[PDB]
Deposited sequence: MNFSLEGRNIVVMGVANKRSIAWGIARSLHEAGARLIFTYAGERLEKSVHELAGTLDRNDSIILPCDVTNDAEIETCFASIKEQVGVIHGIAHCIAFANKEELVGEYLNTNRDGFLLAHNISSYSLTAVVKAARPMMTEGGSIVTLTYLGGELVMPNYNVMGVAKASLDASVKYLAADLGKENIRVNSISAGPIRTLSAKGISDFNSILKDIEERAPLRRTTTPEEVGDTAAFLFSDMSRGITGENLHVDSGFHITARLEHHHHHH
């Protein structure tokens, strides 16, 4: 086996801008020679994403809208991906949401709607996407999601997000039990803190300063490092790996002390 992804069609859901971790993954998958399929939420993000495919070397790229809440316009999105490429070999799911006033101080500032909300977007969406994409993954494939250490441990201010990530963390395991027999693998990457759109939602430079000082590899993670890990996960090089969670975070996971 080798590492390349040529002839592999991968949807990368969740790019917002040049800082999106999805975007760093997009880049690494493209370098490996995959054909990317971006999906975005709304229509305000329409130009920014087209503007990013454009800047990618080869052509390839398709660009569909997909709000992950809403089964209706999820099917639309994948009926369309099938029209335009047919067999899908992979999905990078990099989509989470929480109310930002629930991510301050106490976990307890959350509430029924906010809680269900975080779980719907951050956790359920993966299952939803997988249900859609499944009929089209007929040559087997690989599914990757992004998680944070806060799913495992208590990270100041991650609060309800941490709970939903724990929910996602677990769904990864189950999805993997269901889909291994169709030779589809499901794993997560657990990225270290990196500056993104969604990253503004408390005391951030605090965390980034601590890591370079406290994490084994005295530095911060990048979207590149993550994308490179993603690239391996989407490649057959990782064919033996399913239901795993890989900390791409300078080893910060081993220091809690």
Ranges lacking C-alpha coordinates, please, mapped onto the deposited sequence and listed in sequence order.
202, 259 to 266
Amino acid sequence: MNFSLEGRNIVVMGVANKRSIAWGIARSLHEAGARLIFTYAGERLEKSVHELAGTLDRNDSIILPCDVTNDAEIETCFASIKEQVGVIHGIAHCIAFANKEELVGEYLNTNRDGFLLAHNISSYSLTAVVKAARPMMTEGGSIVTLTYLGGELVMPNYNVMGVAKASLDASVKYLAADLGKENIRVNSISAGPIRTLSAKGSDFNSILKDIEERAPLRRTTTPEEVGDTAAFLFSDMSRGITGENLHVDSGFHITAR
From here on, numbers count along this sequence of modelled residues.
As the entry reports it, the stretch among 100 to 108 and 122 to 130 with higher mean C-alpha B factor is 100 to 108
On average, which has the higher Cα B-factor in the deposited entry, 86 to 94 or 143 to 151?
86 to 94
Going by the deposited entry, which of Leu45, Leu36, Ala231, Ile189 has the highest CA temperature factor?
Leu45
Just the C-alpha B-factor column, please: which of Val172, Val160, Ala72, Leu179 has the biggest number?
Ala72
Taking the values exactly as deposited, rank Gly227 by C-alpha B-factor within its chain and report the matching third: lowest, middle or highest.
lowest
If you rank the chain by CA B-factor, which third does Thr138 end up in: lowest, middle or highest?
middle
